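A short write-up of the structure that comes next.
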Protein chains: 4
Amino acid sequence: XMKXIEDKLXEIXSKXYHXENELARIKXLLX
Amino acid sequence: XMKXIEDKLXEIXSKXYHXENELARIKXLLX
Amino acid sequence: XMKXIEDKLXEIXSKXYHXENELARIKXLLX
Amino acid sequence: XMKXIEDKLXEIXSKXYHXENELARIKXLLX
């Protein structure tokens with residue numbers, strides 16, 4: 001349950017690293 | 001309630017696939 | 001509390017619309 | 001716990017600012 005929820009919000013705070021870094025990839029190609 | 005919350009965090013962990021893949025679309029056009 | 005949490009996950013499921021649509025802006029300029 | 005969860009959903013509603021603003025960076029370079 002709660003600890004499922006918090007350790008999904010683990011995955012988001014990874015996807016929101018790979019968000020920033022793979023934007024900063026693109027802004028590389030264009031900058 | 002809890003199970004609403006966890007199965008929204010389902011939708012985010014979809015939107016955060018369609019995040020990655022439609023960035024990786026763009027980085028296609030530019031790469 | 002819970003209902004704070006679920007109606008933040010309202011805001012994310014908006015930001016994750018404005019995510020998709022303002023990527024699909026960019027993929028317009030490049031497509 | 002709950003207050004961990006809500007103040008992670010603080011960090012997301014930051015990452016989802018730095019989302020918007022560093023897309024609007026890119027859409028600068030291209031607009």
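Chain letters run A, B, ... following the sequence lines, proteins first, then strands; residues in each count from 1.
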- prompt: Are side-chain heavy atoms of C:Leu9 and B:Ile12 found at a separation under 4.5 Å?
  reply: yes
query: With a 4.5 Å heavy-atom cut-off, do A:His18 and A:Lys15 have their side chains touching?
result: no
query: Do B:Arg25 and C:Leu23 have side-chain heavy atoms sitting under 4.5 Å apart?
result: no
- line: Distance col, row B:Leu30:CG vs D:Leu30:CG, nearest 0.5 angstrom, shows 7.0 Å
- request: Rounded to the nearest 0.5 Å, what's the gap from CD1 on B:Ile5 to CE on A:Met2? Could you check?
  value: 9.0 Å
